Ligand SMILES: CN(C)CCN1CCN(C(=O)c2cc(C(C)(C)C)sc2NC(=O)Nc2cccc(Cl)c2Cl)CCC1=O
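Next up is one chain by itself, shown in structure tokens, the form solved without the named molecule.
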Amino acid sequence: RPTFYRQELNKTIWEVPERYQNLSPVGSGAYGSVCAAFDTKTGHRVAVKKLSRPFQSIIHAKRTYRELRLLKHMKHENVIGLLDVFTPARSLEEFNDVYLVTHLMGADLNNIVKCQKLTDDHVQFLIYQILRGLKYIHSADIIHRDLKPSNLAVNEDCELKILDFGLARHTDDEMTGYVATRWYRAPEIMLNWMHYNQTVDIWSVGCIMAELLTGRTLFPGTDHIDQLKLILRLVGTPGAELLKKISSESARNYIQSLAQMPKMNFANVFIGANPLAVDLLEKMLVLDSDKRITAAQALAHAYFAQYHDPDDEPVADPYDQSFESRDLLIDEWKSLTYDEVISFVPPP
């Protein structure tokens, strides 16, 4: 067991191993507080996140266990990994606090979209890396659920990592009105007309790719209905083949009210873009999710010819998510979390 030291930073007690020095607050949501630190064991600048109220309810205790399981599993160059996890508790009986340690990220994709002149080569390399990471995530039967520019870390060498997996955290208030939190969601998820599946992440990749090519949000809706109208004007209203599949009475009802529109010509929307970029966007931005390109299929598209290496696009170890359908008490979720903290082995 390492030695721990205590300090107060912005009205919060931080108790951390001596290896972590020069702690400085960086931000805080309702999920926890975050400090930047220097890790003397590894030489890395790190983010230390102290969870807030990790075991306050059954829903909160399960969410804590879900986040720790997911971060312990992810071992890939284009996905955030777990450097360390610790608790100052010496036993299950005094266990209350959980701290998570990752590499400190600087710029997100939001920063480089607003500010930099992107070549076609930049767009190829950035979207290649998102798809390489997503092939890995989807091979474990994990859905990200919240891909958007602020959840993509990028360095000076244009190297990218996926972060901030959806933990089923977002509220109705957070999705309301003119908000980036909704602009990258697939239309069938927008109003819960279908259950989440991994094809929803490819829709988000299409919205990010369009925004790197134009410098502008693809579907900046002022509310759910305005955003659906922007989507259907580009990709067309449902055809007979898709209508047949639509199980939700709610959806077919509102959709039959709208005048029919054809799919637009994407070469006239994305003026001057590489024709191979236009072709790949037509394969991602398909209303019928069964017909979208997969991450594994997209990596072999001629747009990525310069970067594609089928011997260096790895898949994940199997991931057991059976806990998701399990009914447990707060203290049982807390005991499972404690076992995962004490069994952690750091990376090489």
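So that there is no doubt, residue numbering starts at 1 and follows the sequence shown. Here the rigid core means the biggest group of C-alpha atoms that line up within 1.5 Å when the two forms are laid on top of each other.
Another form exists, solved in complex with the named molecule; not displayed. Remarks below refer to it.
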| property | result |
| --- | --- |
| Open vs blocked, site of the named molecule as found in the entry with it bound, superimposed, 2.4 Å to backbone or C-beta | blocked |
| Within 4.5 Å of the named molecule in the entry with it bound, all of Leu131, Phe304 and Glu313 (non-hydrogen atom) | no |
| Any non-hydrogen atom of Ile127 within 4.5 angstroms of the named molecule in the entry with it bound | no |
| Contact test in the entry with it bound: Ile162 vs the named molecule, heavy atoms, 4.5 Å | yes |
| is_contact(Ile143, the named molecule) in the entry with it bound, heavy atom dist at most 4.5 Å | yes |
| The named molecule contact at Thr102 in the entry with it bound, heavy atom, 4.5 Å | yes |
| Partner contacts for 48-65, taking the named molecule in the entry with it bound and a 4.5 Å heavy atom cut-off | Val48, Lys49, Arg63 |
| Option from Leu234, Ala273, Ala251, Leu82 moving between this form and the one not shown, CA shift at or above 2 Å, rigid core reference | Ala251 |
| Is_shifted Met194 between this form and the one not shown (CA, 2 Å cut-off, rigid core) | yes |
